[PDB]
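This document starts with one chain, in the form deposited in one PDB entry, laid out as structure tokens.
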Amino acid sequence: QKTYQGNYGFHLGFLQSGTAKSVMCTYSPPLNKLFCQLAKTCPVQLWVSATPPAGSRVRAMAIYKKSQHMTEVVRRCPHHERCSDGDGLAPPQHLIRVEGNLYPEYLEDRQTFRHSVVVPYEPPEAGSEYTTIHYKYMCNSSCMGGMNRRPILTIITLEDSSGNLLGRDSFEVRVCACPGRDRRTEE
């Protein structure tokens, strides 16, 4: 999917990680793909060249990468939906959760029924040029009844207070047992 830096030069950044066998989450620049273990926090950096207007929001939504599956709402498999691992904020069917943020909004589009999680957009801390949001994936890419080995992307959208698009970026994601090994193979 096309990126849209927009008027605020919005784009994503990822901490440099290796491919050690025990790594828990690692990003591949050449594949623009995140490899992470089930439910493991993934810090994602939000970079801007200019400060978005007050009240802006940041939405994270998952979609299937392949054209033939793109219309299907990405959700957790029946097993995980029922495993009772909710934090009391995220609906049990949501694949993507946010952690370390007091204001997450778990939404479901009235028309597409697609799930997404929004947090307020906040400027970078003191002595920092980016803002970090921590995401976690509650299902494995291999989950039958769920993603069922189908690769997905995590569309991150900067929107204004009215929900208008300000910027957009994305990255592919693979939730697996050994991110380090899988990253190496796919590369």
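If you superpose the two forms and keep the largest set of C-alpha atoms that fall within 1.5 Å, you have the rigid core. Numbering starts at 1 and runs along the sequence shown. Shifts are known only where both forms have a C-alpha.
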Worksheet item: Comparing 142-150 with 43-51, which has the greater mean CA B-factor as deposited?
Response: 142-150
Worksheet item: On average, which has the higher Cα B-factor in the deposited entry, 165-173 or 12-20?
Response: 12-20
Worksheet item: Of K66, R57, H134, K33, which one's C-alpha B factor is largest in the deposited record?
Response: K66
Worksheet entry | Chain thirds of CA B-factor: placement of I155 | lowest
Practice prompt. Check where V118 lands among this chain's C-alpha B-factors and tell me if it's the lowest, middle or highest third.
Written response: lowest
Discussion item. What third of the chain does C83 rank in for C-alpha temperature factor, lowest, middle or highest?
Written reply: highest
Worksheet item: Considering only modelled residues of the same chain, in which third does the CA B-factor of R110 rank: lowest, middle or highest?
Response: highest
Worksheet item: Within this chain, which third does the Cα B-factor at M61 fall in: lowest, middle or highest?
Response: lowest
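Omitted from view is the form deposited in another entry, to which the following refers.
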Response to the item:
Rigid-core superposed between the shown form and the other one, candidates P43, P120, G145, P124; the one over the 2 Å C-alpha cutoff or at it is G145
Worksheet item: Your call: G145 and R82 CA atoms, closer or farther in the other entry versus the shown structure, by 3 Å or more?
Response: farther
Item to complete: Based on a C-alpha change of 3 angstroms or more, tell me if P151 and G146 lie closer or farther in the other entry than in the shown form.
Response: closer
Worksheet item: After superposition on the rigid core, which segments of 3 or more consecutive residues show C-alpha displacements of 2 Å or more between the shown form and the other one?
Response: 141-149
